[PDB]
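Colleague: One file: upload_19.tsv (TSV, C-alpha atoms).
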chain	number	residue	atom	x	y	z
S	13	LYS	CA	235.32	82.01	273.45
S	14	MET	CA	238.52	83.34	271.91
S	15	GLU	CA	240.00	79.90	272.64
S	16	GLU	CA	237.90	78.23	269.94
S	17	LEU	CA	239.13	80.89	267.51
S	18	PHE	CA	242.70	80.14	268.59
S	19	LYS	CA	242.08	76.41	268.11
S	20	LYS	CA	240.79	76.95	264.54
S	21	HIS	CA	243.30	79.34	262.94
S	22	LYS	CA	246.13	77.89	265.07
S	23	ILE	CA	248.54	80.70	264.13
S	24	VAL	CA	249.05	84.25	265.42
S	25	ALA	CA	251.06	86.88	263.54
S	26	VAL	CA	253.25	88.68	266.09
S	27	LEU	CA	253.59	91.81	263.95
S	28	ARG	CA	256.46	94.17	264.79
S	29	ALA	CA	257.21	97.17	262.57
S	30	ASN	CA	258.83	100.61	262.75
S	31	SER	CA	256.19	103.01	261.40
S	32	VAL	CA	252.40	103.13	261.31
S	33	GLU	CA	252.19	102.76	257.53
S	34	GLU	CA	254.66	99.86	257.60
S	35	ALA	CA	252.45	97.97	260.06
S	36	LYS	CA	249.24	98.39	258.05
S	37	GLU	CA	250.94	96.88	254.98
S	38	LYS	CA	252.19	93.74	256.72
S	39	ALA	CA	248.81	93.20	258.41
S	40	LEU	CA	247.09	93.33	255.02
S	41	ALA	CA	249.55	90.80	253.59
S	42	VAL	CA	249.26	88.42	256.55
S	43	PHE	CA	245.46	88.46	256.42
S	44	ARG	CA	245.51	87.88	252.65
S	45	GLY	CA	247.76	84.88	253.34
S	46	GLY	CA	245.15	83.07	255.44
S	47	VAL	CA	246.22	84.10	258.96
S	48	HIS	CA	243.33	85.71	260.84
S	49	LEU	CA	244.92	86.12	264.30
S	50	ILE	CA	247.14	89.23	264.13
S	51	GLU	CA	249.02	90.40	267.23
S	52	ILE	CA	250.01	94.07	266.96
S	53	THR	CA	252.81	94.66	269.45
S	54	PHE	CA	252.96	97.95	271.36
S	55	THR	CA	256.67	98.43	270.67
S	56	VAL	CA	255.46	99.89	267.35
S	57	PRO	CA	255.10	103.68	267.76
S	58	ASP	CA	251.43	104.65	268.07
S	59	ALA	CA	250.22	101.05	267.99
S	60	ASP	CA	246.88	102.17	269.45
S	61	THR	CA	246.23	103.95	266.14
S	62	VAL	CA	247.20	101.00	263.93
S	63	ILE	CA	244.65	98.78	265.67
S	64	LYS	CA	241.85	101.32	265.21
S	65	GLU	CA	242.86	101.94	261.58
S	66	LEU	CA	242.64	98.20	260.84
S	67	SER	CA	239.03	98.10	262.06
S	68	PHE	CA	237.75	97.26	258.56
S	69	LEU	CA	239.45	93.85	258.72
S	70	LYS	CA	237.13	92.90	261.59
S	71	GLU	CA	234.34	92.89	259.00
S	72	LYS	CA	236.42	90.67	256.68
S	73	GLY	CA	236.79	88.19	259.55
S	74	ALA	CA	240.10	89.19	261.15
S	75	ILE	CA	240.90	89.15	264.87
S	76	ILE	CA	243.15	92.14	265.60
S	77	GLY	CA	244.65	92.40	269.07
S	78	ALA	CA	247.37	94.16	271.04
S	79	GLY	CA	250.56	92.34	272.02
S	80	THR	CA	253.64	93.02	274.16
S	81	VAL	CA	251.83	95.09	276.78
S	82	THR	CA	254.19	96.08	279.60
S	83	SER	CA	252.07	98.47	281.69
S	84	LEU	CA	248.36	98.54	282.48
S	85	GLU	CA	248.11	102.13	281.25
S	86	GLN	CA	249.32	100.78	277.90
S	87	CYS	CA	246.48	98.25	278.08
S	88	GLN	CA	244.14	101.22	278.55
S	89	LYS	CA	245.08	102.54	275.10
S	90	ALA	CA	244.92	98.96	273.80
S	91	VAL	CA	241.35	98.28	274.95
S	92	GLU	CA	240.16	101.76	273.95
S	93	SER	CA	241.68	101.31	270.48
S	94	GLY	CA	239.48	98.29	269.76
S	95	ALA	CA	241.86	95.38	270.30
S	96	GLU	CA	240.12	92.03	270.82
S	97	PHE	CA	242.87	90.37	272.90
S	98	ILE	CA	245.71	91.62	275.10
S	99	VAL	CA	249.10	89.87	275.06
S	100	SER	CA	252.01	90.49	277.42
S	101	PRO	CA	255.49	88.90	277.50
S	102	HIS	CA	255.29	88.72	281.31
S	103	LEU	CA	252.69	88.00	283.98
S	104	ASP	CA	251.23	91.27	285.28
S	105	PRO	CA	248.40	90.64	287.78
S	106	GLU	CA	246.94	94.15	287.63
S	107	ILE	CA	246.52	93.83	283.85
S	108	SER	CA	244.56	90.60	284.38
S	109	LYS	CA	242.11	92.35	286.71
S	110	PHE	CA	241.56	95.17	284.20
S	111	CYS	CA	241.04	92.76	281.30
S	112	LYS	CA	238.60	90.65	283.33
S	113	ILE	CA	236.51	93.64	284.43
S	114	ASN	CA	236.48	95.27	280.99
S	115	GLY	CA	235.77	91.87	279.41
S	116	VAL	CA	238.92	91.44	277.29
S	117	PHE	CA	240.89	88.23	276.85
S	118	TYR	CA	244.39	88.42	278.35
S	119	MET	CA	247.27	86.01	277.67
S	120	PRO	CA	250.17	86.46	280.12
S	121	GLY	CA	253.81	85.61	279.59
S	122	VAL	CA	255.04	82.53	281.44
S	123	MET	CA	258.35	80.64	281.42
S	124	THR	CA	258.45	78.66	284.71
S	125	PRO	CA	256.04	76.30	286.50
S	126	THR	CA	255.66	78.83	289.33
S	127	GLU	CA	254.81	81.65	286.91
S	128	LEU	CA	252.17	79.32	285.46
S	129	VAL	CA	250.64	78.56	288.87
S	130	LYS	CA	250.45	82.26	289.74
S	131	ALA	CA	248.79	82.86	286.36
S	132	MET	CA	246.37	79.97	286.92
S	133	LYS	CA	245.25	81.35	290.29
S	134	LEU	CA	244.25	84.49	288.36
S	135	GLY	CA	241.86	82.30	286.34
S	136	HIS	CA	244.01	81.95	283.22
S	137	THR	CA	244.13	78.61	281.42
S	138	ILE	CA	245.67	79.91	278.15
S	139	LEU	CA	249.21	81.18	278.68
S	140	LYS	CA	251.86	82.51	276.31
S	141	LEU	CA	255.15	80.58	276.44
S	142	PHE	CA	257.83	83.25	276.01
S	143	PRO	CA	260.53	82.62	274.93
S	144	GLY	CA	259.78	79.25	273.34
S	145	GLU	CA	263.32	79.09	271.95
S	146	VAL	CA	264.56	78.41	275.50
S	147	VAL	CA	261.90	76.18	277.06
S	148	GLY	CA	261.23	74.13	273.94
S	149	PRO	CA	258.41	71.71	273.14
S	150	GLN	CA	259.62	69.41	275.93
S	151	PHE	CA	258.32	72.05	278.35
S	152	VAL	CA	254.80	71.91	276.89
S	153	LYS	CA	254.80	68.11	277.06
S	154	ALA	CA	256.07	68.23	280.66
S	155	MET	CA	253.28	70.50	281.95
S	156	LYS	CA	250.64	68.25	280.34
S	157	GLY	CA	250.75	66.03	283.43
S	158	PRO	CA	250.59	68.26	286.50
S	159	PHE	CA	248.59	70.99	284.69
S	160	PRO	CA	246.28	69.24	282.20
S	161	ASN	CA	244.23	72.43	281.67
S	162	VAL	CA	246.89	74.90	280.50
S	163	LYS	CA	247.10	75.57	276.76
S	164	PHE	CA	250.25	77.20	275.39
S	165	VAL	CA	250.69	79.58	272.46
S	166	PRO	CA	254.49	79.86	272.11
S	167	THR	CA	256.20	82.81	270.44
S	168	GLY	CA	259.94	82.13	270.39
S	169	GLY	CA	261.65	79.47	268.30
S	170	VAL	CA	258.65	78.54	266.14
S	171	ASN	CA	259.89	77.94	262.58
S	172	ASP	CA	258.67	75.82	259.68
S	173	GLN	CA	261.10	73.00	260.50
S	174	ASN	CA	259.59	72.34	263.95
S	175	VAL	CA	256.07	73.79	263.73
S	176	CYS	CA	254.69	70.24	263.90
S	177	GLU	CA	256.80	69.45	266.98
S	178	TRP	CA	254.97	72.16	268.95
S	179	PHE	CA	251.51	71.01	267.87
S	180	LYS	CA	252.19	67.31	268.45
S	181	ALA	CA	253.43	68.30	271.93
S	182	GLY	CA	250.08	69.84	272.89
S	183	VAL	CA	250.03	73.55	272.08
S	184	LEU	CA	246.86	75.43	271.20
S	185	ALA	CA	248.45	77.70	268.58
S	186	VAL	CA	251.80	79.20	267.57
S	187	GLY	CA	252.92	82.82	267.37
S	188	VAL	CA	255.25	83.38	264.43
S	189	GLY	CA	256.69	86.88	264.32
S	190	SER	CA	260.14	87.10	262.74
S	191	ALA	CA	259.32	84.88	259.76
S	192	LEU	CA	256.09	86.69	258.85
S	193	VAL	CA	257.36	90.25	259.42
S	194	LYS	CA	260.49	89.90	257.26
S	195	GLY	CA	259.81	90.46	253.57
S	196	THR	CA	258.04	92.81	251.20
S	197	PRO	CA	254.25	93.29	251.47
S	198	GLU	CA	253.99	90.61	248.75
S	199	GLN	CA	256.55	88.21	250.22
S	200	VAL	CA	254.67	88.40	253.54
S	201	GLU	CA	251.47	87.10	251.93
S	202	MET	CA	253.42	84.23	250.35
S	203	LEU	CA	255.12	83.43	253.67
S	204	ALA	CA	251.67	83.08	255.27
S	205	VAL	CA	250.23	80.61	252.74
S	206	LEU	CA	253.39	78.51	253.13
S	207	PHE	CA	253.19	78.53	256.93
S	208	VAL	CA	249.45	77.79	256.97
S	209	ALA	CA	250.05	74.78	254.72
S	210	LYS	CA	252.65	73.20	257.01
S	211	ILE	CA	250.42	73.66	260.06
S	212	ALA	CA	247.51	71.98	258.27
S	213	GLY	CA	249.81	69.10	257.33
S	214	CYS	CA	250.95	68.33	260.88
S	215	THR	CA	249.69	65.05	262.32
H	12	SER	CA	222.77	68.79	223.98
H	13	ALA	CA	224.95	70.83	226.33
H	14	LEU	CA	226.43	67.67	227.85
H	15	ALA	CA	226.58	65.77	224.55
H	16	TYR	CA	228.99	68.28	222.99
H	17	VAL	CA	231.23	67.96	226.06
H	18	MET	CA	231.28	64.19	225.58
H	19	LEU	CA	232.05	64.82	221.90
H	20	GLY	CA	235.07	66.94	222.82
H	21	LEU	CA	236.27	64.25	225.22
H	22	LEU	CA	236.11	61.63	222.46
H	23	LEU	CA	237.94	63.89	220.01
H	24	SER	CA	240.56	64.55	222.70
H	25	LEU	CA	241.14	60.78	222.84
H	26	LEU	CA	242.03	60.72	219.12
H	27	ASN	CA	244.56	63.59	219.46
H	28	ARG	CA	242.32	65.71	217.20
H	29	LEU	CA	242.59	68.52	219.72
H	30	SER	CA	241.59	71.42	217.46
H	31	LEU	CA	238.42	69.53	216.54
H	32	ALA	CA	237.81	68.87	220.24
H	33	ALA	CA	238.12	72.58	221.03
H	34	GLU	CA	235.30	73.32	218.59
H	35	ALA	CA	233.11	70.80	220.43
H	36	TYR	CA	233.71	72.41	223.83
H	37	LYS	CA	233.01	75.86	222.39
H	38	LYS	CA	229.63	74.69	221.06
H	39	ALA	CA	228.64	73.47	224.52
H	40	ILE	CA	229.76	76.85	225.88
H	41	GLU	CA	227.39	78.64	223.50
H	42	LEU	CA	224.60	76.28	224.59
H	43	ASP	CA	225.30	76.85	228.31
H	44	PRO	CA	227.75	79.63	229.25
H	45	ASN	CA	227.88	78.36	232.86
H	46	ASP	CA	229.21	74.84	232.16
H	47	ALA	CA	232.43	74.93	234.17
H	48	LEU	CA	233.54	71.53	232.86
H	49	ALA	CA	233.44	72.85	229.29
H	50	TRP	CA	235.63	75.82	230.24
H	51	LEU	CA	238.15	73.74	232.21
H	52	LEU	CA	238.47	71.16	229.43
H	53	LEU	CA	238.80	73.89	226.80
H	54	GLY	CA	241.72	75.37	228.73
H	55	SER	CA	243.53	72.04	228.88
H	56	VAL	CA	242.97	71.49	225.15
H	57	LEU	CA	244.22	74.95	224.17
H	58	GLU	CA	247.18	74.40	226.51
H	59	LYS	CA	248.26	71.44	224.36
H	60	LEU	CA	247.30	73.33	221.19
H	61	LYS	CA	249.66	76.03	222.57
H	62	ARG	CA	247.01	78.75	222.38
H	63	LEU	CA	248.28	79.71	225.81
H	64	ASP	CA	246.85	83.24	225.77
H	65	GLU	CA	243.36	81.95	224.96
H	66	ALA	CA	243.89	78.95	227.25
H	67	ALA	CA	244.36	81.12	230.35
H	68	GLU	CA	241.16	83.02	229.52
H	69	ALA	CA	239.13	79.79	229.57
H	70	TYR	CA	240.78	78.71	232.82
H	71	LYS	CA	239.86	82.05	234.39
H	72	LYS	CA	236.29	81.63	233.14
H	73	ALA	CA	236.23	78.18	234.76
H	74	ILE	CA	237.55	79.49	238.08
H	75	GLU	CA	235.00	82.31	237.87
H	76	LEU	CA	232.29	79.63	237.82
H	77	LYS	CA	233.58	77.25	240.51
H	78	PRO	CA	236.14	79.24	242.54
H	79	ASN	CA	237.31	76.27	244.65
H	80	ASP	CA	238.95	73.98	242.08
H	81	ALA	CA	242.52	73.17	243.07
H	82	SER	CA	242.79	71.49	239.66
H	83	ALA	CA	241.77	74.68	237.84
H	84	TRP	CA	244.11	76.95	239.82
H	85	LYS	CA	247.04	74.55	239.42
H	86	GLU	CA	246.35	74.26	235.68
H	87	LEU	CA	246.16	78.05	235.43
H	88	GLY	CA	249.59	78.10	237.05
H	89	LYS	CA	251.01	75.93	234.28
H	90	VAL	CA	249.62	78.21	231.55
H	91	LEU	CA	250.74	81.46	233.19
H	92	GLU	CA	254.20	80.03	233.91
H	93	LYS	CA	254.66	79.05	230.26
H	94	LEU	CA	253.10	82.32	229.08
H	95	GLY	CA	255.51	84.56	230.99
H	96	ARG	CA	253.57	85.95	233.96
H	97	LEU	CA	255.68	84.23	236.60
H	98	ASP	CA	254.38	86.47	239.40
H	99	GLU	CA	250.76	85.98	238.34
H	100	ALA	CA	251.37	82.22	238.16
H	101	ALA	CA	252.82	82.14	241.68
H	102	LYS	CA	249.67	83.90	242.88
H	103	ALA	CA	247.65	81.21	241.07
H	104	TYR	CA	249.66	78.38	242.65
H	105	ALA	CA	249.10	80.12	245.99
H	106	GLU	CA	245.31	79.97	245.60
H	107	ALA	CA	245.66	76.29	244.68
H	108	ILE	CA	247.49	75.53	247.93
H	109	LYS	CA	244.98	77.61	249.91
H	110	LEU	CA	242.36	75.07	248.77
H	111	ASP	CA	244.46	71.88	249.17
H	112	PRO	CA	247.66	71.98	251.25
H	113	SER	CA	248.27	68.30	250.36
H	114	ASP	CA	248.81	68.95	246.63
H	115	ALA	CA	252.41	67.78	246.27
H	116	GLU	CA	252.48	68.94	242.63
H	117	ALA	CA	251.26	72.49	243.30
H	118	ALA	CA	253.86	72.90	246.06
H	119	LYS	CA	256.64	71.58	243.83
H	120	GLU	CA	255.67	73.82	240.91
H	121	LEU	CA	255.42	76.87	243.19
H	122	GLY	CA	258.99	76.32	244.37
H	123	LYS	CA	260.14	76.18	240.75
H	124	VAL	CA	258.35	79.44	239.91
H	125	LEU	CA	259.80	81.20	242.97
H	126	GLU	CA	263.29	79.84	242.23
H	127	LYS	CA	263.15	81.50	238.81
H	128	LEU	CA	261.52	84.62	240.27
H	129	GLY	CA	264.19	85.40	242.87
H	130	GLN	CA	263.26	84.50	246.44
H	131	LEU	CA	265.24	81.33	247.13
H	132	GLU	CA	264.08	81.40	250.76
H	133	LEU	CA	260.43	81.50	249.68
H	134	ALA	CA	261.20	78.81	247.10
H	135	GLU	CA	263.10	76.57	249.52
H	136	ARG	CA	260.25	76.69	252.04
H	137	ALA	CA	257.94	75.62	249.21
H	138	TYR	CA	260.29	72.84	248.09
H	139	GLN	CA	260.39	71.31	251.57
H	140	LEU	CA	256.59	71.36	251.73
H	141	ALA	CA	256.29	69.28	248.56
H	142	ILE	CA	258.99	66.83	249.64
H	143	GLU	CA	257.28	66.23	252.99
H	144	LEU	CA	253.94	65.54	251.26
H	145	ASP	CA	255.33	62.72	249.10
Written as structure tokens, that's how I'd like the structure from this file.
Modeller:
Amino acid sequence: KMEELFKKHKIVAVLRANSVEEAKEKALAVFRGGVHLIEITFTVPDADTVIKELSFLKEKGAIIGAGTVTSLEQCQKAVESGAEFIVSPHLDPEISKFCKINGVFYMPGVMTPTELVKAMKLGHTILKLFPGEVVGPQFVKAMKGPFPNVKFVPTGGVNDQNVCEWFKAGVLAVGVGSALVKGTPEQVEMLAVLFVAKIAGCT
Amino acid sequence: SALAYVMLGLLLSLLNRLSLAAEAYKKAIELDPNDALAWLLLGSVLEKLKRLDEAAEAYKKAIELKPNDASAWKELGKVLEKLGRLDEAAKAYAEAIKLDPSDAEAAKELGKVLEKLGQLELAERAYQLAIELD
């Protein structure tokens, strides 16, 4: 499944840009830096064209997907573009039905235990913890008891100083966005090889 | 005879007769152009002979043979940093860490190259990586 690919690369690049050409540059730098899970948010104008213009990286071994999906009609353009996973900052049940029928992996946004239960009843066991800068790694370690099946991929508050705290708490991967986006198309590649190293060094 | 000349260059390298050792490695290269050990040793001998421009060429020929030597990439970072290509050396130290994220020396030397190159934030993140390793 996509879960085994999340468990291997352990890092997802939440890419947010302003233009179409700006997004293709940062995705090339992130992939050259060792990160293979790239999340192209739909706040970028014409994000459905960036995903289909990065289709050559799927031959090089990259997993390009669509993130920050608010409406299901946005997920229509996301699936038709060629995205391999759909990511939303909130739990939208109608998007889960469309992704299940079309056969696309969907990771909803969850912040509370009740939002997790409602997402579990939809069949999801891999949830996005947004914003991680508010719940913290203590949240992941707290849900390990009552919900031993849920696997979190946080997005907020995941920096190099505490990237091992998330993993030693029990997360499946981490979604770094601000740190990887900031920088020139050559600083972005360097920021990736430094972040991949710290993740590999965590106990 | 391809291996014997490599052992000859190692012995000459033990007596500080480095220029004579470089001739021994070059003879093994002519016997077998694919001996990666002869190329890697020749680069480390020319590095101390301060033929840094020729030293980096032998290190590249060694990496071309065995492209997963964290020792060869890290040694190519030393030559390119002393030669003047600080941005090409940082890209070499990057490939060394891609192969071994536990190399405390490659992470420390990358932070020094980036600190002289400009990005203190990219250098500081590299400095903390090396400190946490050791």
Colleague: Can you work out the spacing between CA of residue 110 (chain S) and CA of residue 142 (chain S) in Å, to one decimal?
Modeller: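 So the two atoms, CA of residue 110 (chain S) and CA of residue 142 (chain S), lie 21.8 Å apart.
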Colleague: Find the residues around region 26-34 of chain H up to 12 Å (all atoms listed in the file counted), leave out those fewer than 4 positions away in its own chain, and share them as an mmCIF file with C-alpha atoms, in the frame of the given file.
Modeller:
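So result.cif came out as:
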data_model
loop_
_atom_site.group_PDB
_atom_site.id
_atom_site.type_symbol
_atom_site.label_atom_id
_atom_site.label_comp_id
_atom_site.auth_asym_id
_atom_site.auth_seq_id
_atom_site.Cartn_x
_atom_site.Cartn_y
_atom_site.Cartn_z
ATOM 1 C CA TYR H 16 228.990 68.280 222.990
ATOM 2 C CA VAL H 17 231.230 67.960 226.060
ATOM 3 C CA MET H 18 231.280 64.190 225.580
ATOM 4 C CA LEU H 19 232.050 64.820 221.900
ATOM 5 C CA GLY H 20 235.070 66.940 222.820
ATOM 6 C CA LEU H 21 236.270 64.250 225.220
ATOM 7 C CA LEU H 22 236.110 61.630 222.460
ATOM 8 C CA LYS H 38 229.630 74.690 221.060
ATOM 9 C CA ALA H 39 228.640 73.470 224.520
ATOM 10 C CA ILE H 40 229.760 76.850 225.880
ATOM 11 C CA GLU H 41 227.390 78.640 223.500
ATOM 12 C CA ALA H 49 233.440 72.850 229.290
ATOM 13 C CA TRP H 50 235.630 75.820 230.240
ATOM 14 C CA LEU H 51 238.150 73.740 232.210
ATOM 15 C CA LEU H 52 238.470 71.160 229.430
ATOM 16 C CA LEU H 53 238.800 73.890 226.800
ATOM 17 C CA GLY H 54 241.720 75.370 228.730
ATOM 18 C CA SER H 55 243.530 72.040 228.880
ATOM 19 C CA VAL H 56 242.970 71.490 225.150
ATOM 20 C CA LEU H 57 244.220 74.950 224.170
ATOM 21 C CA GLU H 58 247.180 74.400 226.510
ATOM 22 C CA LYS H 59 248.260 71.440 224.360
ATOM 23 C CA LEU H 60 247.300 73.330 221.190
ATOM 24 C CA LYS H 61 249.660 76.030 222.570
ATOM 25 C CA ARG H 62 247.010 78.750 222.380
ATOM 26 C CA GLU H 65 243.360 81.950 224.960
ATOM 27 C CA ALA H 66 243.890 78.950 227.250
ATOM 28 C CA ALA H 69 239.130 79.790 229.570
#
Colleague: Rounded to one decimal in Å, what is the spacing between CA of residue 138 (chain H) and CA of residue 124 (chain H)?
Modeller: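 Straight-line distance from CA of residue 138 (chain H) to CA of residue 124 (chain H) works out to 10.7 Å.
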Colleague: What gap, in Å, lies between CA of residue 184 (chain S) and CA of residue 152 (chain S)?
Modeller: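 For CA of residue 184 (chain S) relative to CA of residue 152 (chain S), the distance reads 10.4 Å.
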Colleague: Could you tell me, as a list in words, which residues have any atom at most 8 Å from (255.0, 82.2, 240.3), counting all atoms listed in the file?
Modeller: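 Residues with an atom at most 8 Å from (255.0, 82.2, 240.3): residues 88, 92, 96, 97, 98, 99, 100, 101, 102, 103, 104, 121, 123, 124, 125 and 128 of chain H.
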Colleague: Those residues you just picked out, can you put them in a file as a compact mmCIF listing (two decimals), in the coordinates of the input with C-alpha atoms?
Modeller:
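In the end it all went to result-v2.txt:
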# COMPACT_ATOMS: atom_id res chain seq x y z
CA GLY H 88 249.59 78.10 237.05
CA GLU H 92 254.20 80.03 233.91
CA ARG H 96 253.57 85.95 233.96
CA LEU H 97 255.68 84.23 236.60
CA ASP H 98 254.38 86.47 239.40
CA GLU H 99 250.76 85.98 238.34
CA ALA H 100 251.37 82.22 238.16
CA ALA H 101 252.82 82.14 241.68
CA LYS H 102 249.67 83.90 242.88
CA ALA H 103 247.65 81.21 241.07
CA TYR H 104 249.66 78.38 242.65
CA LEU H 121 255.42 76.87 243.19
CA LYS H 123 260.14 76.18 240.75
CA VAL H 124 258.35 79.44 239.91
CA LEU H 125 259.80 81.20 242.97
CA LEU H 128 261.52 84.62 240.27
Colleague: Which residues are close to residue 63 (chain S), i.e. within 8 Å by all atoms listed in the file, leaving aside same-chain residues fewer than 2 positions away? Reply as number ranges by chain.
Modeller: S: 52, 59-61, 65-67, 76-78, 93-95
Colleague: Please save C-alpha atoms of the selected residues as a PDB file, in the frame of the given file.
Modeller:
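Written output follows (again.pdb):
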ATOM      1  CA  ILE S  52     250.010  94.070 266.960  1.00  0.00           C
ATOM      2  CA  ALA S  59     250.220 101.050 267.990  1.00  0.00           C
ATOM      3  CA  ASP S  60     246.880 102.170 269.450  1.00  0.00           C
ATOM      4  CA  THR S  61     246.230 103.950 266.140  1.00  0.00           C
ATOM      5  CA  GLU S  65     242.860 101.940 261.580  1.00  0.00           C
ATOM      6  CA  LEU S  66     242.640  98.200 260.840  1.00  0.00           C
ATOM      7  CA  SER S  67     239.030  98.100 262.060  1.00  0.00           C
ATOM      8  CA  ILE S  76     243.150  92.140 265.600  1.00  0.00           C
ATOM      9  CA  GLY S  77     244.650  92.400 269.070  1.00  0.00           C
ATOM     10  CA  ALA S  78     247.370  94.160 271.040  1.00  0.00           C
ATOM     11  CA  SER S  93     241.680 101.310 270.480  1.00  0.00           C
ATOM     12  CA  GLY S  94     239.480  98.290 269.760  1.00  0.00           C
ATOM     13  CA  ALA S  95     241.860  95.380 270.300  1.00  0.00           C
TER      14      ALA S  95
END
Colleague: With chain H as the partner and 10 Å as the cut-off, tabulate the residues of chain S that qualify, each row holding the nearest pair of atoms and their distance in Å to one decimal, using all atoms listed in the file, sorted by chain and rising number, as a Markdown table.
Modeller:
| residue | atom | partner | partner_atom | distance |
| --- | --- | --- | --- | --- |
| S:45 | CA | H:109 | CA | 8.5 |
| S:46 | CA | H:109 | CA | 7.8 |
| S:172 | CA | H:136 | CA | 7.9 |
| S:173 | CA | H:139 | CA | 9.1 |
| S:195 | CA | H:133 | CA | 9.8 |
| S:198 | CA | H:102 | CA | 9.9 |
| S:199 | CA | H:133 | CA | 7.8 |
| S:200 | CA | H:133 | CA | 9.8 |
| S:201 | CA | H:105 | CA | 9.5 |
| S:202 | CA | H:105 | CA | 7.4 |
| S:203 | CA | H:133 | CA | 6.9 |
| S:205 | CA | H:109 | CA | 6.7 |
| S:206 | CA | H:137 | CA | 6.7 |
| S:207 | CA | H:136 | CA | 8.8 |
| S:208 | CA | H:112 | CA | 8.3 |
| S:209 | CA | H:112 | CA | 5.1 |
| S:210 | CA | H:140 | CA | 6.8 |
| S:211 | CA | H:112 | CA | 9.4 |
| S:212 | CA | H:112 | CA | 7.0 |
| S:213 | CA | H:112 | CA | 7.1 |
Colleague: Write the residues of the selection above to a file with C-alpha atoms, as a PDB file, in the coordinates of the input.
Modeller:
ATOM      1  CA  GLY S  45     247.760  84.880 253.340  1.00  0.00           C
ATOM      2  CA  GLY S  46     245.150  83.070 255.440  1.00  0.00           C
ATOM      3  CA  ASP S 172     258.670  75.820 259.680  1.00  0.00           C
ATOM      4  CA  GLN S 173     261.100  73.000 260.500  1.00  0.00           C
ATOM      5  CA  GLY S 195     259.810  90.460 253.570  1.00  0.00           C
ATOM      6  CA  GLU S 198     253.990  90.610 248.750  1.00  0.00           C
ATOM      7  CA  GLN S 199     256.550  88.210 250.220  1.00  0.00           C
ATOM      8  CA  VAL S 200     254.670  88.400 253.540  1.00  0.00           C
ATOM      9  CA  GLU S 201     251.470  87.100 251.930  1.00  0.00           C
ATOM     10  CA  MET S 202     253.420  84.230 250.350  1.00  0.00           C
ATOM     11  CA  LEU S 203     255.120  83.430 253.670  1.00  0.00           C
ATOM     12  CA  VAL S 205     250.230  80.610 252.740  1.00  0.00           C
ATOM     13  CA  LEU S 206     253.390  78.510 253.130  1.00  0.00           C
ATOM     14  CA  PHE S 207     253.190  78.530 256.930  1.00  0.00           C
ATOM     15  CA  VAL S 208     249.450  77.790 256.970  1.00  0.00           C
ATOM     16  CA  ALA S 209     250.050  74.780 254.720  1.00  0.00           C
ATOM     17  CA  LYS S 210     252.650  73.200 257.010  1.00  0.00           C
ATOM     18  CA  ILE S 211     250.420  73.660 260.060  1.00  0.00           C
ATOM     19  CA  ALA S 212     247.510  71.980 258.270  1.00  0.00           C
ATOM     20  CA  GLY S 213     249.810  69.100 257.330  1.00  0.00           C
TER      21      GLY S 213
END
